[PDB]
């Protein structure tokens, strides 16, 4: 899963992440979806792999605008990378973080500076972390609600925490942003959208995925 060379320093990992082209970040995401398609499909029920690429492009857009060196927050809210993978995704981080032992199909990397700051590990771990919350959601939700409430867990820690406005502005927006890439033939190029971009169709945004 590691992208940059083993032993690369924090500041080099960050500089190199900031230099990745949109196309390069899309390729990292696609590789991880390819590797982990069976568990992604099993949990989320996405139609096919292409729409799963688009969903995770939607997450990259919503969380970082594809700026892979984005870093935010403190403690449980401290996140890095294109998907804003928080410390809580990682094994052997703070012992008070809620455990994520419900995704045996994906390696859970330990919390280390390489594993948190390397783009490859960060993307793998963000997918794993999302699946952790989507599986919490699947206990009570079906169809689009698995990914919709799984996203709310990803961002807030709680699948049912959020008010409708934030479900719309975070989860529905993620779905809409991801679909932009598929609908406009931007699955491999350097083009990107962004939260609230008026180019994006954000009406019935879950449609393409199922």
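Positions refer to the first chain, counted from 1.
In this crystal structure, the stretch out of 172-180 and 158-166 whose C-alpha atoms carry the higher mean B factor is 158-166. As listed in the deposited structure, the average C-alpha B-factor of 193-201 and of 6-14 is greater for 6-14. Remark: of 137, 83, 103, 89, 137 shows the highest value [criterion: C-alpha B-factor in the PDB entry]. Sort the modelled residues of the chain by CA B factor and residue 36 lands in the middle third. Annotation for residue 117: C-alpha temperature factor in the lowest third relative to the rest of the modelled chain, per the entry. Placement of the Cα temperature factor of residue 130 within the chain: lowest third of the modelled residues, per the deposited record. Among all modelled residues in this chain, the alpha-carbon of residue 145 has a temperature factor (C-alpha) in the middle third. The deposited CA B-factor of residue 185 belongs to the highest third of values across its chain.
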